[PDB]
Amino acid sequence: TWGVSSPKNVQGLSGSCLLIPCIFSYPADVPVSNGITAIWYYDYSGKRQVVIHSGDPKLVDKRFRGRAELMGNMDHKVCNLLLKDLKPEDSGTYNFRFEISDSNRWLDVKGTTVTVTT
């Protein structure tokens, strides 16, 4: 019962900040010996730019640096994403991924679509 659940659609005004509520889950029998890495991707099937990367921010795309931050407690299985200072180009799909081990990792196939308005 691996899974990720975040809203299908979210809306925000340009210049404003927007939060994407998110929670996830995985089997109680999976050992977690090195924490959980959290990663949010923008337009995964297109440009696939990294929005947030808890294991190493250097992987974060330059256009999202300083404008996106993770408001999630990995221990409580919360992956809320906060996007600050919204821009028209931020419109698109965001998909969350968490990694516990080489084989125990997961990418949400659904994802959340953001729409930025004037």
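Position 1 is the first residue in the sequence shown; the rest follow in order. Just so we're on the same page, rigid core means the largest C-alpha set that superposes within 1.5 Å between forms.
Q: Please pick 78 to 86 or 26 to 34, whichever has its Cα atoms farther from the shown form in 4 other deposited structures of this protein after a rigid core fit.
A: Farther from the shown form on average in 4 other deposited structures of this protein: 26 to 34.
Q: Out of 51 to 59 and 75 to 83, which one has CA B-factors that are higher on average in the deposited record?
A: Between 51 to 59 and 75 to 83, it is 51 to 59.
Q: Would you check the entry's CA temperature factor for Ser103 and let me know if it's in the chain's lowest, middle or highest third?
A: Its C-alpha B-factor belongs to the middle third of this chain's values.
Q: Which third, lowest, middle or highest, does the C-alpha temperature factor of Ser25 belong to within its own chain?
A: Middle third by C-alpha B-factor.
Q: Using the temperature factors of the C-alpha atoms in this entry, rank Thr118 within its chain: lowest, middle or highest third.
A: Highest third, going by the recorded CA B-factors of the chain.
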